[PDB]
């Protein structure tokens, strides 16, 4: 039977930046003036510092910036936004590791204690940097006796609900990927708290044979037409990866299935053999339907 024609194509491009300390600055990244552009500062983490060889440990939701704050400061956020009225800057929470040391687990002491610490500390980072929202990117779960799915759903849902109360215009997102545990944690969060989660930054970087079939699996896992496509730069596999992402994004857009697109990461692109070419190509697609 005919499938309903999708009507979701949008004008959003997002760029993760700051995790890899390659000297990248907002001003290095080409910004297409004909779309909505977001940077995502990578990452604030509720772990202690690894500086000088210390072992990071969970802080129960007391987040600190661990991106390259020297090159991506509050003044730098203000400057890129003054030069580019289409730019917003968000803070990412979590990520894989604490500056390439300990893996970042979702490890609350309790819902209420973690939420209280997370609201205060993340609101503090949003205030200090003048930010426009928050991306939730927990990727490691203690799924065999540690903090379970309902604890995660309540922690993130209540954090985003209170931030939407305190910063009513902010943009929230979640960043799941295709891992059975990760999907079990994020799918019920979207079901129970979609009202306070604006975007799904699904990481597409399976035996599913095509990019669009893989995307449609996630559109069905996270209903509402707000799943962004994505790809990664600076890959061991080379330009094969990003070229498949570009082709996938073009095919999604042909089908009305491309609300937006994001790249991991500015830092990787900067030191790649292709510079920011994929940011330019991705933004050309998003700006010119």
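Residue numbers count along the first chain shown, from 1.
In this entry, residue 205 is separated from residue 206 by 4 to 9 residues of the deposited sequence that have no coordinates. With 143-151 and 108-116 compared on mean CA B-factor from the PDB entry, the stretch scoring higher is 143-151. The stretch 231-239 shows the higher mean C-alpha B-factor when 35-43 is compared against 231-239 in the entry.
Each of 90, 163, 175, 87 has a CA temperature factor in the record; the biggest one is found at 163.
Between the residues 130, 133, 168, 157, the entry's highest C-alpha temperature factor is the one at 168. Compared with the other modelled residues of the chain, the Cα B-factor recorded for residue 186 ranks in the lowest third.
In the deposited entry, the Cα temperature factor of residue 214 sits in the middle third of values across the chain's modelled residues.
Annotation for residue 288: C-alpha temperature factor in the highest third relative to the rest of the modelled chain, per the entry.
Ranked against the other modelled residues of its chain, the C-alpha B-factor of residue 80 as given in the entry falls in the middle third. Among all modelled residues in this chain, the alpha-carbon of residue 263 has a temperature factor (C-alpha) in the lowest third.
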